[PDB]
Structure formats: structure tokens, C-alpha cells
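Novice: In the UniProt record's numbering, the protein residues as written are 23 to 103. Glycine residues also receive a C-beta, built at the ideal position from the N, C-alpha and C atoms. To start, I am sharing the structure in question, which I have written as C-alpha cells.
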């Protein structure tokens, strides 16, 4: 089982941030961070959301993938174990 994933960011100016993944419930893995939105020309891309921390399993969610833009967003941190 796993926590909910964070909402992806959406395209714009700038592309919006992906949401952090949800913590795992007790006994569950972390949810994945949302990806960042992409930027229109001249606009920044959004950061990926952090992965959610695990609910005791040691498996955090993945950080989201940063969105393309000017400049591109960073990927999110992985969730804590």
C-alpha cells in the first residue's frame, strides 16, 4: 500500500510546483511527488514535489520530475524512509 500521490503542477508562466507526495499510512510506502508544470517561452518551469515519507516500510515516494522551461525546474527530494 502507499500514500496518495501529490498533484502534478500545470503549464503556465511559471509552470506550477508539483505537490509533495502524501505520507504512507501505517505500514505503507510514501506517495510520489507531483511533477512540475512546464513554462511557456521565457517562463520558468515548476519544481517537482518531494516524495512522501514512508509509513514505516523504509520506502519513501519519489520526488517529482521538474518541468521544462526558462529555466527548467528541479526534481523533488525523495521521501524519507
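So, for residue 90: in the same chain, excluding its five sequence neighbours on each side, which residues have a beta-carbon less than 8 Å away from its beta-carbon?
Specialist: Here residue 90 refers to the residue found at position 68 of the chain shown. Excluding sequence neighbours, residue 90 sits near 37, 60, 61 and 67.
Novice: Quick check: what's the CA-CA separation for residue 33 versus residue 82?
Specialist: Residue 33 sits at position 11 when you count from the first residue of the chain shown. Residue 82 sits at position 60 when you count from the first residue of the chain shown. Computed Cα separation, rounded: 27 Å.
Novice: Please state whether DSSP places residue 88 in a helix, a strand or coil.
Specialist: Within the chain shown, residue 88 is the residue found at index 66, counting from 1. Correct three-state label for residue 88: coil.
Novice: Mind reading off the beta-carbon distance from residue 88 to residue 94? Whole number of angstroms is fine, and I expect it under 8 Å.
Specialist: Walking along the chain shown from the start, residue 88 turns up at place 66. Walking along the chain shown from the start, residue 94 turns up at place 72. 6 Å between Cβ atoms; contact.
Novice: Check whether the Cβ atoms of residue 106 and residue 71 sit closer than 8 Å, and answer yes or no.
Specialist: For the chain, the structure presents residues 23 to 103; residue 106 sits outside this window and is missing.
Novice: Is the beta carbon of residue 25 less than 8 Å from the beta carbon of residue 65?
Specialist: The count along the chain shown starts at 1 and reaches residue 25 at position 3. The count along the chain shown starts at 1 and reaches residue 65 at position 43. No, the Cβ-Cβ distance between residue 25 and residue 65 is not below 8 Å.
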